[PDB]
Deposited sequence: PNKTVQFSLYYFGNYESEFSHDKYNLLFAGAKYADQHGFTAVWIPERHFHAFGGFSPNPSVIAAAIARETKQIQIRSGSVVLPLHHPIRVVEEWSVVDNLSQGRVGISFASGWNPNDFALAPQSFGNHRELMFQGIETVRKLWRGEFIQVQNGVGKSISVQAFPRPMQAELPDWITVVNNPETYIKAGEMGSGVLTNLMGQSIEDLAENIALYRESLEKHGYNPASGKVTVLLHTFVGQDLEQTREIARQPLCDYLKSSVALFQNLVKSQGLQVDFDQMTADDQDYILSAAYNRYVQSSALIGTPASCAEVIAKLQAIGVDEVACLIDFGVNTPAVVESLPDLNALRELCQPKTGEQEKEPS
(Lines of atoms letter the chains of each structure in order from A and count residues from 1; the text may use other names and numbers.)
(Lines give C-alpha, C1' and ligand atoms only; values in the text may rest on other atoms or scores of the structure.)
Protein backbone atom coordinates (compact mmCIF):
# COMPACT_ATOMS: atom_id res chain seq x y z
CA UNK A 1 0.00 0.00 0.00
CA UNK A 2 1.05 3.58 -0.72
CA UNK A 3 2.76 5.65 1.97
CA UNK A 4 1.20 9.05 2.72
CA UNK A 5 3.41 12.05 3.54
CA UNK A 6 3.12 15.82 3.65
CA UNK A 7 5.11 18.15 1.40
CA UNK A 8 5.61 21.89 1.89
CA UNK A 9 6.31 24.32 -0.91
CA UNK A 10 7.39 26.83 1.74
CA UNK A 11 4.36 29.14 1.76
CA UNK A 12 3.13 31.20 4.68
CA UNK A 13 0.26 33.56 5.28
CA UNK A 14 2.15 36.79 4.61
CA UNK A 15 5.71 37.98 4.08
CA UNK A 16 5.24 39.81 7.39
CA UNK A 17 3.30 37.14 9.28
CA UNK A 18 4.03 36.78 12.98
CA UNK A 19 3.46 32.99 12.67
CA UNK A 20 5.19 32.00 9.42
CA UNK A 21 5.39 28.31 10.43
CA UNK A 22 1.72 28.04 11.45
CA UNK A 23 0.71 25.45 8.84
CA UNK A 24 4.14 23.82 8.89
CA UNK A 25 3.81 22.78 12.52
CA UNK A 26 0.04 22.21 12.49
CA UNK A 27 0.33 19.83 9.54
CA UNK A 28 3.54 18.14 10.65
CA UNK A 29 2.20 17.45 14.15
CA UNK A 30 -1.14 16.23 12.78
CA UNK A 31 0.60 13.98 10.26
CA UNK A 32 3.01 12.75 12.94
CA UNK A 33 0.10 11.63 15.15
CA UNK A 34 -1.92 10.00 12.34
CA UNK A 35 0.44 7.47 10.78
CA UNK A 36 1.88 9.58 7.99
CA UNK A 37 5.28 8.51 6.76
CA UNK A 38 7.23 11.73 6.25
CA UNK A 39 7.14 15.49 6.08
CA UNK A 40 9.10 16.98 3.16
CA UNK A 41 10.51 20.50 3.24
CA UNK A 42 12.16 22.53 0.46
CA UNK A 43 15.03 24.88 -0.27
CA UNK A 44 14.09 28.23 -1.81
CA UNK A 45 15.94 31.55 -1.97
CA UNK A 46 15.31 35.25 -2.56
CA UNK A 47 11.49 35.27 -2.85
CA UNK A 48 8.91 36.04 -0.19
CA UNK A 49 6.58 33.58 -1.94
CA UNK A 50 7.47 30.08 -0.83
CA UNK A 51 10.37 31.36 1.24
CA UNK A 52 10.04 29.96 4.74
CA UNK A 53 12.76 27.33 4.09
CA UNK A 54 16.03 28.74 2.72
CA UNK A 55 17.88 25.80 4.31
CA UNK A 56 15.74 22.74 5.11
CA UNK A 57 18.15 21.48 7.77
CA UNK A 58 17.24 24.41 10.02
CA UNK A 59 13.49 23.86 9.74
CA UNK A 60 14.01 20.09 10.08
CA UNK A 61 15.77 20.57 13.42
CA UNK A 62 12.67 22.35 14.72
CA UNK A 63 10.31 19.71 13.31
CA UNK A 64 12.47 17.06 15.05
CA UNK A 65 11.57 18.52 18.48
CA UNK A 66 7.84 18.81 17.65
CA UNK A 67 7.29 15.25 16.36
CA UNK A 68 8.01 11.70 17.49
CA UNK A 69 7.78 9.23 14.57
CA UNK A 70 7.41 11.03 11.22
CA UNK A 71 10.39 11.03 8.88
CA UNK A 72 11.85 14.48 8.21
CA UNK A 73 13.03 14.80 4.64
CA UNK A 74 14.27 17.47 2.27
CA UNK A 75 12.22 17.90 -0.90
CA UNK A 76 15.28 19.02 -2.02
CA UNK A 77 18.71 19.97 -0.89
CA UNK A 78 20.01 21.92 -3.87
CA UNK A 79 23.41 20.34 -3.43
CA UNK A 80 25.57 22.62 -5.67
CA UNK A 81 24.46 25.51 -3.41
CA UNK A 82 26.13 23.84 -0.37
CA UNK A 83 29.45 22.41 0.58
CA UNK A 84 28.79 18.65 0.87
CA UNK A 85 30.52 18.79 4.27
CA UNK A 86 27.85 21.17 5.57
CA UNK A 87 25.05 18.97 4.21
CA UNK A 88 26.29 15.96 6.18
CA UNK A 89 27.06 18.04 9.28
CA UNK A 90 23.68 19.74 9.42
CA UNK A 91 21.57 16.72 8.54
CA UNK A 92 23.53 14.61 11.02
CA UNK A 93 22.64 17.18 13.66
CA UNK A 94 18.99 16.71 12.67
CA UNK A 95 19.44 12.92 12.58
CA UNK A 96 20.59 13.04 16.21
CA UNK A 97 17.89 15.53 17.22
CA UNK A 98 15.24 13.24 15.70
CA UNK A 99 16.70 9.87 16.78
CA UNK A 100 17.33 8.77 13.21
CA UNK A 101 14.41 10.10 11.17
CA UNK A 102 16.00 12.07 8.32
CA UNK A 103 16.18 11.57 4.56
CA UNK A 104 17.36 13.80 1.73
CA UNK A 105 16.41 14.23 -1.90
CA UNK A 106 19.14 15.91 -3.94
CA UNK A 107 18.51 18.43 -6.72
CA UNK A 108 20.98 20.14 -9.01
CA UNK A 109 19.32 23.55 -9.36
CA UNK A 110 18.59 25.38 -12.58
CA UNK A 111 18.10 29.08 -11.79
CA UNK A 112 21.42 30.94 -12.06
CA UNK A 113 20.09 33.50 -9.56
CA UNK A 114 20.07 30.82 -6.86
CA UNK A 115 23.76 30.36 -7.67
CA UNK A 116 24.46 33.73 -6.13
CA UNK A 117 25.19 31.32 -3.26
CA UNK A 118 27.75 29.42 -5.37
CA UNK A 119 28.76 31.67 -8.28
CA UNK A 120 31.44 29.34 -9.68
CA UNK A 121 29.26 26.22 -9.61
CA UNK A 122 26.71 26.94 -12.38
CA UNK A 123 27.06 25.25 -15.76
CA UNK A 124 28.33 21.83 -14.69
CA UNK A 125 26.14 21.81 -11.57
CA UNK A 126 24.41 18.53 -12.44
CA UNK A 127 27.79 16.78 -12.55
CA UNK A 128 28.77 18.63 -9.37
CA UNK A 129 25.61 17.30 -7.70
CA UNK A 130 26.36 13.64 -8.42
CA UNK A 131 29.94 14.12 -7.22
CA UNK A 132 28.67 15.74 -4.03
CA UNK A 133 26.21 12.91 -3.38
CA UNK A 134 29.09 10.44 -3.34
CA UNK A 135 30.93 12.70 -0.89
CA UNK A 136 27.81 13.12 1.25
CA UNK A 137 27.33 9.34 1.38
CA UNK A 138 30.99 8.69 2.27
CA UNK A 139 31.03 11.30 5.05
CA UNK A 140 27.69 10.05 6.41
CA UNK A 141 29.05 6.49 6.74
CA UNK A 142 31.94 7.86 8.80
CA UNK A 143 34.75 7.75 6.26
CA UNK A 144 37.48 10.34 5.86
CA UNK A 145 37.57 12.55 2.81
CA UNK A 146 40.46 14.60 1.44
CA UNK A 147 40.05 18.35 0.96
CA UNK A 148 42.22 21.43 0.51
CA UNK A 149 42.53 23.53 3.66
CA UNK A 150 42.95 27.31 3.85
CA UNK A 151 46.68 27.28 3.05
CA UNK A 152 46.55 24.73 0.24
CA UNK A 153 47.39 21.65 2.30
CA UNK A 154 45.51 18.45 1.52
CA UNK A 155 43.94 17.21 4.77
CA UNK A 156 41.71 14.27 5.75
CA UNK A 157 38.49 15.07 7.65
CA UNK A 158 35.44 13.37 9.09
CA UNK A 159 32.14 15.16 9.65
CA UNK A 160 30.69 15.49 13.13
CA UNK A 161 28.52 14.73 14.91
CA UNK A 162 28.26 11.15 13.73
CA UNK A 163 24.71 10.34 12.54
CA UNK A 164 22.51 7.73 14.15
CA UNK A 165 21.42 6.13 10.88
CA UNK A 166 24.25 4.03 9.48
CA UNK A 167 23.22 4.97 5.94
CA UNK A 168 21.52 8.11 4.69
CA UNK A 169 18.12 7.48 3.09
CA UNK A 170 18.42 9.47 -0.11
CA UNK A 171 16.57 10.28 -3.33
CA UNK A 172 17.33 11.98 -6.64
CA UNK A 173 14.93 14.75 -7.62
CA UNK A 174 13.77 14.29 -11.22
CA UNK A 175 10.99 15.28 -13.61
CA UNK A 176 10.87 13.37 -16.90
CA UNK A 177 14.53 12.76 -17.84
CA UNK A 178 14.82 8.96 -18.26
CA UNK A 179 18.60 9.06 -17.88
CA UNK A 180 18.19 10.42 -14.35
CA UNK A 181 15.81 7.62 -13.33
CA UNK A 182 18.43 5.20 -14.66
CA UNK A 183 21.23 7.01 -12.79
CA UNK A 184 19.20 6.83 -9.58
CA UNK A 185 18.82 3.07 -9.97
CA UNK A 186 22.57 2.78 -10.58
CA UNK A 187 23.16 4.60 -7.28
CA UNK A 188 20.59 2.68 -5.26
CA UNK A 189 18.85 6.00 -4.59
CA UNK A 190 15.17 6.82 -4.62
CA UNK A 191 13.46 9.12 -7.10
CA UNK A 192 11.42 12.16 -6.05
CA UNK A 193 9.22 13.41 -8.86
CA UNK A 194 5.92 15.11 -9.69
CA UNK A 195 3.10 15.05 -12.24
CA UNK A 196 3.25 18.73 -13.24
CA UNK A 197 5.89 18.11 -15.89
CA UNK A 198 5.20 14.53 -16.95
CA UNK A 199 2.17 12.39 -17.72
CA UNK A 200 1.14 9.36 -15.69
CA UNK A 201 2.15 7.26 -18.69
CA UNK A 202 5.58 8.91 -18.83
CA UNK A 203 5.85 8.30 -15.08
CA UNK A 204 4.97 4.61 -15.41
CA UNK A 205 7.71 4.10 -18.00
CA UNK A 206 10.27 6.07 -15.97
CA UNK A 207 9.58 4.00 -12.84
CA UNK A 208 10.03 0.81 -14.88
CA UNK A 209 13.40 2.05 -16.13
CA UNK A 210 14.39 3.00 -12.58
CA UNK A 211 13.44 -0.40 -11.16
CA UNK A 212 15.18 -2.13 -14.07
CA UNK A 213 18.41 -0.23 -13.36
CA UNK A 214 18.11 -1.06 -9.65
CA UNK A 215 18.24 -4.84 -10.12
CA UNK A 216 20.80 -4.51 -12.93
CA UNK A 217 23.21 -2.97 -10.42
CA UNK A 218 22.59 -5.48 -7.64
CA UNK A 219 20.20 -3.56 -5.40
CA UNK A 220 17.19 -5.43 -4.08
CA UNK A 221 14.15 -4.02 -5.95
CA UNK A 222 12.43 -3.79 -2.55
CA UNK A 223 14.98 -1.09 -1.67
CA UNK A 224 13.53 1.12 -4.41
CA UNK A 225 11.93 4.39 -3.35
CA UNK A 226 9.50 6.16 -5.69
CA UNK A 227 7.97 9.32 -4.21
CA UNK A 228 5.56 11.58 -6.12
CA UNK A 229 4.65 15.12 -5.04
CA UNK A 230 0.93 15.73 -5.52
CA UNK A 231 -1.08 18.90 -5.01
CA UNK A 232 -3.47 17.96 -2.24
CA UNK A 233 -6.67 19.39 -0.79
CA UNK A 234 -9.33 16.91 0.35
CA UNK A 235 -12.91 17.59 1.45
CA UNK A 236 -16.28 15.91 1.87
CA UNK A 237 -17.93 17.51 -1.18
CA UNK A 238 -16.22 17.14 -4.56
CA UNK A 239 -17.32 20.33 -6.32
CA UNK A 240 -16.89 22.59 -3.27
CA UNK A 241 -13.42 21.16 -2.56
CA UNK A 242 -12.38 21.62 -6.19
CA UNK A 243 -13.57 25.23 -6.19
CA UNK A 244 -11.72 26.15 -2.97
CA UNK A 245 -8.50 24.83 -4.53
CA UNK A 246 -9.04 26.30 -8.01
CA UNK A 247 -7.81 29.90 -7.73
CA UNK A 248 -4.71 29.16 -5.58
CA UNK A 249 -3.62 26.22 -7.75
CA UNK A 250 -4.32 28.02 -11.03
CA UNK A 251 -2.40 31.07 -9.80
CA UNK A 252 0.67 28.90 -9.22
CA UNK A 253 0.55 26.94 -12.49
CA UNK A 254 0.20 30.22 -14.42
CA UNK A 255 2.91 32.01 -12.41
CA UNK A 256 5.62 31.04 -14.92
CA UNK A 257 5.87 30.17 -18.60
CA UNK A 258 7.57 26.84 -17.85
CA UNK A 259 4.95 25.74 -15.30
CA UNK A 260 2.17 26.82 -17.66
CA UNK A 261 3.57 25.00 -20.69
CA UNK A 262 4.92 21.96 -18.84
CA UNK A 263 1.35 21.42 -17.62
CA UNK A 264 -0.41 21.75 -20.99
CA UNK A 265 2.16 19.41 -22.54
CA UNK A 266 1.95 16.83 -19.73
CA UNK A 267 -1.86 16.98 -20.03
CA UNK A 268 -1.91 16.61 -23.83
CA UNK A 269 -5.88 27.36 -19.37
CA UNK A 270 -8.90 25.81 -17.65
CA UNK A 271 -8.68 22.79 -19.96
CA UNK A 272 -5.33 21.50 -18.69
CA UNK A 273 -6.39 22.23 -15.09
CA UNK A 274 -9.52 20.07 -15.15
CA UNK A 275 -7.56 17.09 -16.48
CA UNK A 276 -4.75 17.83 -14.02
CA UNK A 277 -6.88 17.84 -10.87
CA UNK A 278 -8.75 14.69 -11.92
CA UNK A 279 -5.77 12.47 -12.72
CA UNK A 280 -2.53 13.99 -11.40
CA UNK A 281 -3.51 15.56 -8.06
CA UNK A 282 -5.33 14.72 -4.81
CA UNK A 283 -7.99 17.43 -4.92
CA UNK A 284 -11.49 16.22 -4.14
CA UNK A 285 -13.06 13.62 -1.88
CA UNK A 286 -11.42 10.59 -0.27
CA UNK A 287 -13.28 8.50 -2.84
CA UNK A 288 -12.34 10.58 -5.88
CA UNK A 289 -8.72 10.88 -4.76
CA UNK A 290 -8.46 7.15 -3.99
CA UNK A 291 -8.89 6.49 -7.72
CA UNK A 292 -5.72 8.50 -8.35
CA UNK A 293 -3.84 6.63 -5.60
CA UNK A 294 -4.93 3.31 -7.14
CA UNK A 295 -3.51 4.29 -10.53
CA UNK A 296 -0.24 5.47 -8.96
CA UNK A 297 0.07 2.34 -6.81
CA UNK A 298 -0.43 0.13 -9.87
CA UNK A 299 2.48 1.77 -11.72
CA UNK A 300 4.85 1.41 -8.77
CA UNK A 301 4.61 4.61 -6.69
CA UNK A 302 5.74 3.92 -3.12
CA UNK A 303 4.96 7.23 -1.45
CA UNK A 304 2.80 10.27 -2.20
CA UNK A 305 4.09 13.57 -0.82
CA UNK A 306 0.95 15.67 -0.37
CA UNK A 307 1.69 19.33 -1.14
CA UNK A 308 -0.82 21.08 1.11
CA UNK A 309 0.45 24.68 1.21
CA UNK A 310 -0.07 25.80 -2.38
CA UNK A 311 -2.28 28.78 -1.48
CA UNK A 312 -5.51 27.63 0.17
CA UNK A 313 -6.13 29.58 3.37
CA UNK A 314 -4.54 28.05 6.46
CA UNK A 315 -7.76 27.50 8.50
CA UNK A 316 -9.25 25.62 5.54
CA UNK A 317 -6.11 23.50 5.07
CA UNK A 318 -6.06 22.66 8.79
CA UNK A 319 -9.77 21.80 8.63
CA UNK A 320 -8.98 19.54 5.65
CA UNK A 321 -6.41 17.42 7.51
CA UNK A 322 -8.95 14.84 8.81
CA UNK A 323 -10.24 14.51 5.24
CA UNK A 324 -6.69 13.75 4.06
CA UNK A 325 -6.37 11.23 6.88
CA UNK A 326 -9.61 9.66 5.64
CA UNK A 327 -8.04 9.31 2.20
CA UNK A 328 -4.95 7.71 3.74
CA UNK A 329 -7.10 5.23 5.68
CA UNK A 330 -9.14 4.43 2.56
CA UNK A 331 -5.87 3.43 0.87
CA UNK A 332 -4.21 2.23 4.13
item: Regions of the deposited sequence not represented in the model; value: 1-3, 272-287, 352-362
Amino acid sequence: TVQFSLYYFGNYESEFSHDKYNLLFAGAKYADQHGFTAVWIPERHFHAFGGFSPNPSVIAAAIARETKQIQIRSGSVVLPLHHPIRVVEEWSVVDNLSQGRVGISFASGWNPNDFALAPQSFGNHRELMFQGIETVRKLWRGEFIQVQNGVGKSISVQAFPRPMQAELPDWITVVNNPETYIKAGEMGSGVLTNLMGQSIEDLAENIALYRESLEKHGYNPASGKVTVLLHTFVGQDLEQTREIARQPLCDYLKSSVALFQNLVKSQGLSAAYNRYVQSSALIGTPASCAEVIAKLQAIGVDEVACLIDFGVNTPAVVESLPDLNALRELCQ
From here on, numbers count along this sequence of modelled residues.
| item | value |
| --- | --- |
| Given 37-45 and 273-281, the range whose Cα B-factors average higher in the PDB entry | 273-281 |
| Mean Cα B-factor comparison, 46-54 or 294-302, giving the higher one as deposited | 294-302 |
| C-alpha B-factor winner, where the candidates are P221, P80, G100, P161 | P221 |
| Selection by C-alpha B-factor (highest) of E143, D170, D251, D95 | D251 |
| Chain thirds of CA B-factor: placement of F115 | middle |
| For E134, the third of its chain into which the C-alpha B factor falls | middle |
| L330 CA temperature factor, ranked by third within the chain | highest |
| Third of the chain, ranked by Cα B-factor, where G190 sits | middle |
| Position of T67 among the chain's modelled residues by C-alpha B-factor, lowest, middle or highest third | lowest |
